[PDB]
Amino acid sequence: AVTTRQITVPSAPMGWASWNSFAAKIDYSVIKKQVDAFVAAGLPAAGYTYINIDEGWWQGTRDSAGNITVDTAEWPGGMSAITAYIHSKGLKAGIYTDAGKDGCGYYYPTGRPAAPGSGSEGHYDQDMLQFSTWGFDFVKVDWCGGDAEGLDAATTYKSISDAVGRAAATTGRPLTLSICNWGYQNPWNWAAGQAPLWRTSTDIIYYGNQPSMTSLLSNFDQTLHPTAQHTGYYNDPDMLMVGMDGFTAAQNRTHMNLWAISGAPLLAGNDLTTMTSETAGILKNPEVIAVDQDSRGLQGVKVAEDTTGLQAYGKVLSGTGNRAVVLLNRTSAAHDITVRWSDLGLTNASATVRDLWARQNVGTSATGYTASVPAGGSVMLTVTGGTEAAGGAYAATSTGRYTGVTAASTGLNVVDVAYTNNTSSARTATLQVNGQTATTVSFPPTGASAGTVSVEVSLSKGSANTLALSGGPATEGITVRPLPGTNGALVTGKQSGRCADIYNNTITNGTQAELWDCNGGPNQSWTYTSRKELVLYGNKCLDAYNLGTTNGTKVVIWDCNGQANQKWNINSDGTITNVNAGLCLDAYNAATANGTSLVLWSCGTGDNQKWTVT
């Protein structure tokens, strides 16, 4: 039963941004025409709110006092005239700068000559105040100057975040910060609490190229960091290509489906003045939007891939016994794809299946659902009225600390944190699960009675898990429920007692596996598939680098590719052998410390080649 209410958390931004269709070729007239089409197409009523002016508005000029100056031939009345227009339509206005001294308009001119000085470094407070005073409600802060200069992203964006907060406090106009650093330096580790959204990869489309499903899927895969997203903080797989030339209606729907299952921002990138009726309807589907904008704020995750390229993604929605599901077919042929209640963390009890594009209920089941999915296509469903897996309830054993937290398997869990915040402002806390990378959790106002917010966490098998909160409101208990489709295992070395680990939640192809203190994080939870793969993050395979067959071959993560160097035998003697050349997974030189490289080596009897994978 529902006995403590779920508190609604902020949703990801919805709106339109100028980059994908115009590159730097923007001025007042371009933005105005887009606003007018945005309004005429009924986007505001569907929830689209932001009109974001991206790169190209500012050529790097400043006056003697350091104030940003614009060319009023392109921006008549200055920047406050365009925010006034946007606001006159009941919408929010967005602007764009760089973390460094010079912006992407300098480093990578795209539609305009180089713009030296087009960054906010040395002017964070001045520029953020300027943007807010002009009337901007949103600011995207890029990384071209940060990358060029060699800046540290985490500390730099903390500085920017602080300046954003001060500017909004000074003017009284909230300022939504979009961190745009392309997944460099792993923003999923540090961006929550600094900003409501952070880019997780390079750009979905480069100017001059045609929209690509391959690129779309790559951005989607790279945005999946479920422990990082929660309570109004979102992974950002980039601006939509929905409606851009070359994309079919089916591709447009798939684009919406995958962004929605993530809970990603829906920032339209097409030319709204030539948008088809069908495209407008796809952007506006209220059922898909409701999934994207779900009040619980959680990120969808892969819950099954029984056959390569036939995938089920599930998202835990607001309320209890509710899920959204995307069935995705990455193969060259139409195939049936099944989602099981067990994988979704529901019991085998009746639930109702709804197709969100058909806008019709399509059946009931106590176990699962199967649909035919076209090659390269997807089906968008909800599964509602289900019964939740039993889960666990815990009371803090000391201030802000929950101990003895139990998981039947290593893998992802939903945690509902009970608390009271009887004030008018959200409060934040730091959350640390075991010895994992910490995160920030936001606690919205509750009124006088307690409520919950939810987070997804990765837990280790057993009852030694700890959740520690620092700062924020006193909590009043937690509930923990598993998502069994995400189940994996620690790969624990016998000699060392340490776990196969990819450093600091890095996803880059070629990153070498190492021993590290076991903590149960996503970078330690390996899923063994029927194809003999050991999979990390749902989408990276343990890999004998370049199909190496000799002693010392590096063992890395790489995109799963079906090759024999990504196949592993888990043997009765405790060894794990690479199928390609029959060598053993090996902690190099029988070292036991953090940072010990994993390699292939000729199999022997040494405990540095023995592992547990349960």
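We number the residues from 1 along the sequence you see.
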query	finding
Which of 62 to 70 and 552 to 560 has higher mean CA B factor, as the PDB entry lists it	62 to 70
Segment of higher mean CA temperature factor, 330 to 338 or 258 to 266	330 to 338
Criterion, highest CA B-factor; candidates, 392, 100, 105, 521	392
Residue with maximal Cα B-factor (values as given in the PDB entry) among 427, 315, 230, 540	427
Residue 587 - which third its CA temperature factor falls in, relative to the rest of the chain	lowest
Chain-wide C-alpha B factor ranking for residue 602, given as lowest, middle or highest third	highest
CA B-factor ranking of residue 190, expressed as a third of its chain	lowest
CA B-factor ranking of residue 4, expressed as a third of its chain	highest
Residue 41 - Cα temperature factor, lowest/middle/highest third of chain	highest
